[PDB]
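A short write-up of the structure that comes next.
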Amino acid sequence: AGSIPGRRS
Amino acid sequence: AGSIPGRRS
Amino acid sequence: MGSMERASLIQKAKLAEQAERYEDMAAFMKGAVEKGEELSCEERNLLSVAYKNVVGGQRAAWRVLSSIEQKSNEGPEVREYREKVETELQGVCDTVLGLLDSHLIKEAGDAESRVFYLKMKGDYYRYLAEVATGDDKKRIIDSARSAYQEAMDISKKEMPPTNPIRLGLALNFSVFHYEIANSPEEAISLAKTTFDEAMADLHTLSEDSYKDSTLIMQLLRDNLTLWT
Amino acid sequence: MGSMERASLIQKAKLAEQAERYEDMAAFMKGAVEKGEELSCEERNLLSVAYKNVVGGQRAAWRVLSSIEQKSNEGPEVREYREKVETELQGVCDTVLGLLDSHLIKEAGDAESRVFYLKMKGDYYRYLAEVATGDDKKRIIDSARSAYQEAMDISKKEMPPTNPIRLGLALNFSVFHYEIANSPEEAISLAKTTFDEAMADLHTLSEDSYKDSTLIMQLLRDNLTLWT
Ligand SMILES: *Cc1ccc(S(=O)(=O)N2CCC(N3CCCC3)CC2)cc1
Ligand SMILES: *Cc1ccc(S(=O)(=O)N2CCC(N3CCCC3)CC2)cc1
Ligand SMILES: [Ca+2]
Ligand SMILES: [Ca+2]
Ligand SMILES: [Cl-]
Ligand SMILES: [Cl-]
């Protein structure tokens with residue numbers, strides 16, 4: 001199950 | 001030009 | 001970072017992202033928040049990206065160590081080291097939650113900023129819940145739920161169903177339901193309803209907004225495919 | 001790490017590698033070295049892997065920042081941040097060089113350990129040389145050269161031409177010649193002679209040793225392909 005990766009602007 | 005990667009045991 | 005200009009901290013956070021120095025990036029953005037001014041949209045994203053990378057590395061390490069520790073339970077070093085990483089992870093989550101409480105959330109009056117920060121609050125309580133054990137877990141879980149729920153209530157009143165923050169909030173709240181709250185049916189229902197309402201609003205969007213929204217819709221669909 | 005058992009530091013260094021926590025890994029191995037006992041083959045590899053990962057991340061960040069700084073020279077923030085990363089990188093190199101000098105090298109009497117540590121000494125002076133500017137660069141370059149040369153002299157007298165440490169030493173010394181010393185012809189000659197002498201000794205090896213040696217020989221060949 002995946003959340004928003006959120007690791008690149 | 002590449003040296004020994006050397007980053008995994 | 002009290003002696004560095006706000007604008008210099010922001011510039012260095014962007015450089016640190018390019019250099020993949022995420023601990024530095026988080027420290028620069030923490031310093032920028034502590035200047036006391038509100039954050040722009042771009043600055044909020046820099047803050048979130050910095051901490052998501054830092055805590056993402058910690059969570060991945062915690063999972064590796066926890067897996068080794070569990071297999072070992074089928075000397076004290078694996079448990080001790082898992083505890084060290086866990087404490088560091090909890091400290092980063094507490095730092096982010098502290099910035100949100102002092103004073104990002106209370107000064108956020110526009111829906112876009114307030115939903116963004118409340119989604120962050122839910123996420124970092126969720127990361128605390130991933131490592132919590134016992135009744136501590138119950139109150140931490142409720143704190144995540146309450147933050148996500150307030151964000152959802154605002155987002156449904158104030159943002160279109162295609163708004164990327166609204167979509168990412170719903171995605172992460174659905175993951176909360178599935179992975180933390182043991183509510184897979186609520187996770188599936190939220191992901192489905194979110195996807196369907198966004199689909200019906202795509203016709204209103206420009207080409208660029210369409211790309212932004214459909215990217216996150218695919219993430220909802222990816223989870224639905226795994227869950228059903 | 002003075003209060004932690006040597007064996008616990010080694011075990012935690014292995015866990016930290018699995019968790020991709022290389023700063024922790026380096027700190028655990030530094031603590032193990034500072035116990036004062038000599039290191040086994042496996043332990044030497046853990047020390048080297050830990051620091052190569054730490055300094056490898058720093059070198060990659062330094063290169064990103066240096067590239068941005070140079071393009072900017074075609075406010076002070078890019079230079080200031082490049083300097084911060086550079087100082088951190090120099091500190092890690094100094095830490096490794098300090099462990100080698102106090103007292104890993106002087107206690108290393110077997111060829112395998114002494115060549116290993118002198119190759120490390122050449123490598124970390126080479127990383128210092130990558131960021132050095134001016135006449136400081138000259139003495140740092142000579143320190144790298146001298147360490148690699150002593151390692152080469154021992155390796156040619158005491159190890160077969162297929163020994164993986166001998167091969168990796170020659171590979172890295174050839175990179176030194178090409179990238180640091182502005183001696184591409186010496187780099188090419190060393191890589192060629194090393195490859196050819198190893199090829200002629202492969203017939204003496206087991207299947208597993210053959211795999212170990214040919215892997216590094218391919219690296220020599222990859223450089224020769226780029227350089228010629
Ligand atoms: C929770 C959340 C956070 C940010 C967003 S976003 O601003 O619409 N956006 C951030 C950048 C991402 N891109 C960058 C490179 C790949 C993806 C996309 C999402 C939405 C939800
Ligand atoms: C400079 C140097 C260092 C180590 C060696 S090695 O011990 O023969 N070896 C280390 C492990 C490497 N493997 C691990 C996974 C991929 C490669 C291979 C080299 C030689 C030279
Ligand atoms: Ca100011
Ligand atoms: Ca002891
Ligand atoms: Cl406000
Ligand atoms: Cl000895």
Side-chain angles (χ1 to χ4, degrees), chain A residues 1-3 5 7, chain B residues 7 9, chain C residues 22-23 26 51-69 72-73 75-97 123-134 137-144 172 175-182 184 226, chain D residues 1-35 39-40 42-43 45-51 53-54 57:
Chain A
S3 61
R7 287 168 68 162
Chain B
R7 287 168 68 162
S9 65
Chain C
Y22 295 104
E23 292 184 16
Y51 279 107
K52 202 91 98 173
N53 272 283
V54 171
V55 84
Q58 294 171 318
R59 292 166 71 207
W62 185 94
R63 291 190 300 259
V64 164
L65 301 172
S66 188
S67 175
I68 296 167
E69 182 183 14
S72 93
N73 300 334
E77 292 88 349
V78 185
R79 171 185 57 74
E80 289 171 348
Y81 189 44
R82 184 272 300 156
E83 288 171 348
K84 176 198 154 83
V85 172
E86 184 173 299
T87 298
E88 192 189 288
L89 182 164
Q90 291 168 326
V92 172
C93 292
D94 291 344
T95 292
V96 175
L97 292 167
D123 285 344
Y124 288 87
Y125 276 115
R126 171 162 59 87
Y127 306 149
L128 289 175
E130 288 179 338
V131 307
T133 49
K137 197 166 91 203
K138 289 186 171 172
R139 266 183 289 268
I140 287 159
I141 289 179
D142 203 62
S143 286
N172 285 9
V175 171
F176 168 85
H177 286 309
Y178 195 92
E179 288 188 353
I180 307 293
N182 198 44
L226 201 64
Chain D
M1 302 270 171
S3 66
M4 194 177 317
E5 286 279 14
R6 190 188 190 275
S8 296
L9 290 165
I10 296 296
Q11 177 174 354
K12 292 184 185 178
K14 296 176 187 174
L15 292 173
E17 183 183 15
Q18 288 186 81
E20 291 182 20
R21 297 262 298 189
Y22 295 104
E23 292 184 16
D24 286 353
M25 189 194 185
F28 292 138
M29 287 314 302
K30 180 175 186 286
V33 169
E34 290 170 347
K35 299 298 176 179
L39 304 196
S40 71
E42 183 180 4
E43 295 162 354
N45 276 318
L46 291 168
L47 174 69
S48 182
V49 165
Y51 279 107
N53 272 283
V54 171

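Computation of the quantities below employed the complete heavy-atom set of this structure, encompassing side-chain atoms and omitting hydrogens, waters and symmetry-equivalent molecules. Just so it is clear: chains get the letters A, B, ... in the order the sequence lines come, proteins before strands, and each one is counted from 1.
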Tell me if a side-chain donor or acceptor on [X] pairs with a main-chain N or O of [Y] at a distance below 3.5 Å.
{"X": "C/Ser66", "Y": "C/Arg63", "value": "no"}
{"X": "C/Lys137", "Y": "C/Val131", "value": "no"}
{"X": "D/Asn53", "Y": "D/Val49", "value": "yes"}
{"X": "C/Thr87", "Y": "C/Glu83", "value": "yes"}
{"X": "C/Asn182", "Y": "C/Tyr178", "value": "no"}

Which heavy atom of [X] sits nearest to which heavy atom of [Y], and what is that distance?
{"X": "C/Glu130", "Y": "C/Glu179", "answer": "OE2-OE1, 4.3 Å"}
{"X": "D/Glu43", "Y": "D/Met29", "answer": "O-CE, 3.5 Å"}
{"X": "D/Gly31", "Y": "D/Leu9", "answer": "C-CD1, 3.6 Å"}
{"X": "D/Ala26", "Y": "D/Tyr51", "answer": "O-OH, 3.5 Å"}
{"X": "C/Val175", "Y": "C/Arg126", "answer": "CG1-NH1, 4.0 Å"}
{"X": "C/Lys52", "Y": "C/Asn172", "answer": "NZ-ND2, 4.1 Å"}

Mind checking whether [X] and [Y] have side chains closer than 4.5 Å, heavy atoms only?
{"X": "D/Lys35", "Y": "D/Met1", "value": "no"}
{"X": "C/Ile68", "Y": "C/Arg82", "value": "no"}
{"X": "C/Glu69", "Y": "C/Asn73", "value": "yes"}
{"X": "C/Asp94", "Y": "C/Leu128", "value": "yes"}

If you measure from [atom1] on [X] to [atom2] on [Y], what distance do you get to the nearest 0.5 Å?
{"X": "D/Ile10", "Y": "D/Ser40", "atom1": "CD1", "atom2": "OG", "value": "7.0 Å"}
{"X": "C/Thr95", "Y": "C/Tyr124", "atom1": "OG1", "atom2": "OH", "value": "10.5 Å"}
{"X": "D/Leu39", "Y": "D/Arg6", "atom1": "CG", "atom2": "CZ", "value": "6.0 Å"}
{"X": "C/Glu86", "Y": "C/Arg59", "atom1": "CD", "atom2": "CZ", "value": "13.5 Å"}

Can you list everything that forms a side chain to side chain donor-acceptor pair (under 3.5 Å) with C/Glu23? Sequence neighbours excluded, please.
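Scan of C/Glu23 (side chain to side chain donor-acceptor pair (under 3.5 Å), adjacent residues dropped) gives none.
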Check for me whether the distance between the ring centres of C/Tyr81 and D/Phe28 falls short of 6.0 Å.
yes
With B/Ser9, which of D/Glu42, D/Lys14, D/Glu17 fulfils side-chain hydrogen bond (donor to acceptor under 3.5 Å, both in side chains)?
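Testing B/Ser9 for a side-chain hydrogen bond (donor to acceptor under 3.5 Å, both in side chains) against D/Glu42, D/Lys14, D/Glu17 leaves exactly one candidate, D/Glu17.
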Report the C-alpha distance between C/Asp123 and C/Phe176 in whole Å, list the side-chain angles of each, state the deciding distance to 0.1 Å, and finish with yes or no for side-chain contact (heavy atoms from CB on, under 4.5 Å).
CA-CA 9 Å; C/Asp123 285 344; C/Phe176 168 85; over 6 Å; no
Among all residues two or more places apart in sequence or in another chain, which pass the ring pair (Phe, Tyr, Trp, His ring centres under 6.0 Å) test with C/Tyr125?
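Result, ring pair (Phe, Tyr, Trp, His ring centres under 6.0 Å) vs C/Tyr125: none returned.
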Check this for me: does any side-chain nitrogen of one of C/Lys84 and C/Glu80 sit under 4.0 Å from a carboxylate oxygen of the other?
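The answer is no: the pair does not qualify as a salt bridge.
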side-chain contact (heavy atoms from CB on, under 4.5 Å) involving C/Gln58 - partner list, sequence neighbours excluded
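C/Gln58: side-chain contact (heavy atoms from CB on, under 4.5 Å) contacts with C/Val54, C/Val55, C/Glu88, C/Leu89, C/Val92, D/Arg21.
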